[PDB]
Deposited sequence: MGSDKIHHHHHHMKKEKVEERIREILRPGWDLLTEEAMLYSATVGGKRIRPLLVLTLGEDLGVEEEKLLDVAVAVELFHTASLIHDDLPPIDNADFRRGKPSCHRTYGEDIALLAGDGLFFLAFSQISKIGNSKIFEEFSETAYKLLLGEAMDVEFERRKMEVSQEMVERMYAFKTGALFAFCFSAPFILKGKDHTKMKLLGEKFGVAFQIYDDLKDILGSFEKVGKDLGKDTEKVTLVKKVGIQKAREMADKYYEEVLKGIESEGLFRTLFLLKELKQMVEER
């Protein structure tokens, strides 16, 4: 019920921000992509951490919505024909399949810009800086994924692990960090913990994709299923220990529930 109340608040704000104003297919596409589904783990983490810390709900919801809009945009661009060429996303036709590649490209851009606009509402320069740094890292990570796949190049294990930390880890690092910055607490350790969480999250995604299936450089391909799973499990344990040590009990239980869901796959 807890998680539901939080998700409903996020859904409502997303619908407000993305309500078309200019009779554009591009607006409709942004709204489509943002509402087709999503477990909303990223905004849920932000909101739950902020509750644990007692951060003002309005600034926290602005962060949570920003992260989700950004996430949405990143999936639109990843799905595009030049990149991953996904016909489907969340069991629904992809943005470009629904609206055209032109409209989908623009929708992705719009969503990123709206994400920055939400962050800017907070009026906290450190959050603006961190979010901007996070965006660029995510981009670097996506570029590495594309290039590692498509270039004839040497790709070390360390390079794959960095690509995970950038492509997936950076946005979780921000989710873990941003509530601490809003509280006026040092966020350096939480940022690293969030990055580890994101790496573990990506690994569990790789493993799900294998089970679901019943070129791309993945950590599972590089080190094997057993080692990859060991790395993910270890990082996840570190995250749980770190979260408990900070006394963040709502967040701890949220992370335990996510872990049980992974375990039940």
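- Not built in the structure, per the record, are deposited positions 1-8, 223-233.
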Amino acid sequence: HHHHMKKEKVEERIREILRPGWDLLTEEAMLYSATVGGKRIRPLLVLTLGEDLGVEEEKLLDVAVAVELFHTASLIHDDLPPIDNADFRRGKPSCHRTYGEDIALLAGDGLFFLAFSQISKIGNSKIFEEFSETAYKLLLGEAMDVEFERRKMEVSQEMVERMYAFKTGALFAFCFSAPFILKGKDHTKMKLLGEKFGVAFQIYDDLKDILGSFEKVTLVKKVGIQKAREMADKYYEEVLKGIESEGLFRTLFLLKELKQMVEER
From here on, numbers count along this sequence of modelled residues.
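- Checked against the record, the higher mean CA B factor of 105-113 and 79-87 lies with 79-87.
- In this crystal structure, the stretch out of 151-159 and 172-180 whose C-alpha atoms carry the higher mean B factor is 151-159.
- Within the group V10, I17, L24, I243, the record's highest C-alpha temperature factor is found at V10.
- The PDB entry assigns the greatest CA B-factor among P43, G38, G198, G50 to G38.
- Remark: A34 belongs to the middle third of its chain, ranked by C-alpha B-factor as recorded.
- The entry lists a Cα temperature factor for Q118 that places it in the middle third of the chain's modelled residues.
- In the deposited entry, the Cα temperature factor of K234 places it in the lowest third of its chain's modelled residues.
- Among all modelled residues in its chain, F166 ranks in the middle third by Cα B-factor.
- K126: CA B factor in the middle third of modelled residues in this chain (values from the PDB entry).
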